[PDB]
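Numbering (PDB author numbering), first residue to last: 43 to 124, 198 to 301, 325 to 355, 357 to 396, 409 to 492. All residues carry an ideal CB built from backbone N, CA and C; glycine is no exception.
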Ligand SMILES: C[C@@H]1CN(C(=O)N2C[C@H](CN)C[C@H](C(=O)Nc3ccc(Cl)c(F)c3)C2)C[C@H](C)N1C
Ligand SMILES: *[C@@H]1O[C@H](CO)[C@@H](O)[C@H](O)[C@H]1NC(C)=O
Ligand SMILES: *[C@@H]1O[C@H](CO)[C@@H](O)[C@H](O)[C@H]1NC(C)=O
Ligand SMILES: *[C@@H]1O[C@H](CO)[C@@H](O)[C@H](O)[C@H]1NC(C)=O
Ligand SMILES: *[C@@H]1O[C@H](CO)[C@@H](O)[C@H](O)[C@H]1NC(C)=O
Ligand SMILES: *[C@@H]1O[C@H](CO)[C@@H](O)[C@H](O)[C@H]1NC(C)=O
Ligand SMILES: *[C@@H]1O[C@H](CO)[C@@H](O)[C@H](O)[C@H]1NC(C)=O
Ligand SMILES: *[C@@H]1O[C@H](CO)[C@@H](O)[C@H](O)[C@H]1NC(C)=O
Ligand SMILES: *[C@@H]1O[C@H](CO)[C@@H](O)[C@H](O)[C@H]1NC(C)=O
Ligand SMILES: *[C@@H]1O[C@H](CO)[C@@H](O)[C@H](O)[C@H]1NC(C)=O
Ligand SMILES: *[C@@H]1O[C@H](CO)[C@@H](O)[C@H](O)[C@H]1NC(C)=O
Ligand SMILES: [Cl-]
């Protein structure tokens with residue numbers, strides 16, 4: 043037994059198929075090791091460990107991991123970062212995230228909270244020790260979290276301080292709302331995303347309930364964001380290499396607390424995009440000729456709350472995002488790094 047809250051350089055694992063041109067595949071083929079063919083866990087009997095997912099070095103290590111991954115893979119024709200115009204080649208590539216496992220070196224271990232109620236901060240009683248996290252897809256996106264794991268029971272909200280406005284609010288859903296995005300083959327930047335309205339509005343009503351639970355049963360209202368760049372104000376994501384910007388006004392505004412129908416969302420495949428790895432503009436080439444389609448699972452929501460609602464009857468939440476650290480911190484929440492002191 044015995045351990046101390048210390049962080050150390052981590053390594054990565056994956057099932058990257060060699061001789062596949064998937065950029066994720068070819069990054070994990072040269073930067074990660076083959077997955078543990080026999081891993082195992084040891085329930086720490088009678089334990090109470092304190093993970094603080096909002097402050098954790100695992101996520102930052104993952105961050106630079108995806109920064110590098112994307113840097114050598116998704117490479118723009120032109121890159122305008124600070198005072199510099201980087202011109203290079205931009206062949207259209209293969210793109211579809213694959214799970215990445217994080218794995219401690221000898222002397223350290225990973226503490227996994229198996230309490231299904233776990234919100235991220237605060238002590239956990241079902242602790243459980245593993246040398247590698249689980250398989251995690253590094254999906255880059257704003258507002259909506261896609262292709263991730265879901266809460267084992269109730270919908271859980273995670274925050275670094277609910278009270279504080281700026282401190283992002285993350286919503287971990289307990290069931291999957293599928294979203295289906297397409298660019299039909301022969325305007326080529328016009329795209330759209332189908333999302334079944336009954337599903338969405340029902341779960342949104344479950345969220346809104348729990349949201350109320352954490353906030354003194357105040358009036359719950361989900362409005363579209365209050366200014367920002369497209370990235371922030373539009374569900375942005377990358378499908379097959381293309382950057383979809385989808386105008387999710389319907390979801391946070393149709394307020395059908409019975410609506411029904413299969414909602415169809417407008418989208419634009421953006422070329423010049425404000426980056427997420429760092430301040431700058433990246434201009435890629437036009438999309439490819441053909442049916443560009445991705446069907447993903449909505450497994451979370453990035454929320455930000457309005458400030459001066461102290462002396463009022465309501466609390467307004469607008470979808471946010473932009474910090475992809477929070478995206479990672481949505482899956483690593485149940486993981487801690489311990490040095491064996
Ligand atoms: C050091 C800063 C730099 N930075 C940033 O400047 N922006 C501003 C820009 C709008 N102004 C939106 C950035 C963003 O999310 N982009 C993005 C791109 C592609 C896809 Cl597919 C996606 F889903 C999202 C976030 C990222 C931030 C975390 N970081 C702290
Ligand atoms: C604690 O979590 C582990 C992981 O699955 C499992 O044994 C069970 O869910 C929990 N154990 C007990 C004794 O409740
Ligand atoms: C998270 O759970 C801990 C312990 O149950 C509690 O003290 C804290 O207020 C919770 N935070 C949120 C944002 O629910
Ligand atoms: C999800 O959690 C909510 C609590 O907000 C609960 O009402 C609902 O039944 C749960 N659904 C599933 C499928 O777990
Ligand atoms: C004033 O607003 C903050 C949110 O920014 C809130 O946490 C605080 O409780 C409010 N003040 C009072 C006295 O409730
Ligand atoms: C949470 O946010 C409120 C709002 O500013 C602040 O007064 C309080 O100190 C914060 N809590 C912590 C533990 O920092
Ligand atoms: C989407 O969610 C369903 C049910 O929650 C699950 O069975 C399926 O594997 C998920 N798809 C992906 C790609 O994760
Ligand atoms: C997704 O949308 C496309 C075009 O509308 C359609 O052909 C396909 O059947 C849809 N699939 C799902 C799972 O919604
Ligand atoms: C999204 O579409 C709505 C119309 O449904 C429009 O009012 C709003 O300005 C659009 N938002 C953005 C960021 O284009
Ligand atoms: C979205 O909200 C705005 C107010 O911010 C309103 O003008 C507009 O009608 C709403 N859109 C829908 C589709 O309800
Ligand atoms: C989510 O996973 C599905 C199945 O692997 C994939 O087709 C889709 O492109 C993924 N979505 C994103 C945004 O990566
Ligand atoms: Cl190993």
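In this structure, residue 363 has its beta carbon less than 8 Å from a heavy atom of ligand 10.
Unbroken beta strand (DSSP E) runs of no fewer than 3 residues, entirely contained in the stretch 53–119, are found at 53–56, following chain order. With respect to the 9 Å criterion, residue 250 and residue 56 are classified as neighbours on the basis of their beta carbons.
In the DSSP assignment, residue 285 forms a beta bridge with 273, 453. Under the three-state reduction of DSSP, residue 416 is assigned to strand.
Within the same chain, 297 come within 6 Å of residue 444 by CB-CB distance, once the 5 residues on both sides are set aside.
For residue 206, the closest C-alpha among the options 221, 52, 116, 123 is that of 116. The beta carbon of residue 354 is closer than 6 Å to none in its chain, skipping five residues each way along the sequence.
For residue 290, the shortest C-beta to heavy atom distance toward ligand 7 is below 8 Å.
If the five residues before and after residue 90 are omitted, its C-beta is found closer than 6 Å to the C-beta atoms of 238, 240, all from its own chain and listed in chain order. Ranking 472, 486, 327 by CA distance to the CA of residue 426 puts 472 first. Shown here, residue 232 sits in coil according to DSSP, grouped into three states, outside any helix or strand.
The shortest CA-to-CA distance from residue 268 to any of 358, 463, 252, 289 is the one to 289. Taking a contact to require three or more Cβ pairs closer than 8 Å, the stretch 339–348 and the stretch 471–488 do not qualify as touching. Straight across, the Cα-Cα distance linking residue 121 with residue 44 is about 48 Å. The stretch 86–101 makes no contact with the stretch 380–396: fewer than 3 CB pairs, one atom from each, lie closer than 8 Å. If the five residues before and after residue 211 are omitted, its C-beta is found closer than 8 Å to the C-beta atoms of 64, 66, 379, all from its own chain and listed in chain order.
For the pair of segments examined, the stretch 453–467 was found not to touch the stretch 209–228: the number of CB pairs separated by less than 8 Å stays below three. Of the heavy atoms belonging to ligand 2, none sits nearer than 8 Å to the Cβ of residue 256. Comparing alpha carbon positions, the residue from 392, 333, 384, 372 closest to residue 448 is 333.
A residue is called buried when at least 16 other Cβ atoms come within 10 angstroms of its Cβ; residue 50 does not meet this threshold and is exposed. Counting along the chain, residue 489 sits inside the beta strand (DSSP E) bounded by residues 487–490. Shortest gap from the CB of residue 481 to any heavy atom of ligand 7: 8 Å or more. Pairing residue 259 with residue 451, the inter-Cα distance amounts to about 6 Å. For residue 267, no alpha helix (DSSP H) run applies, since DSSP gives it neither H nor E.
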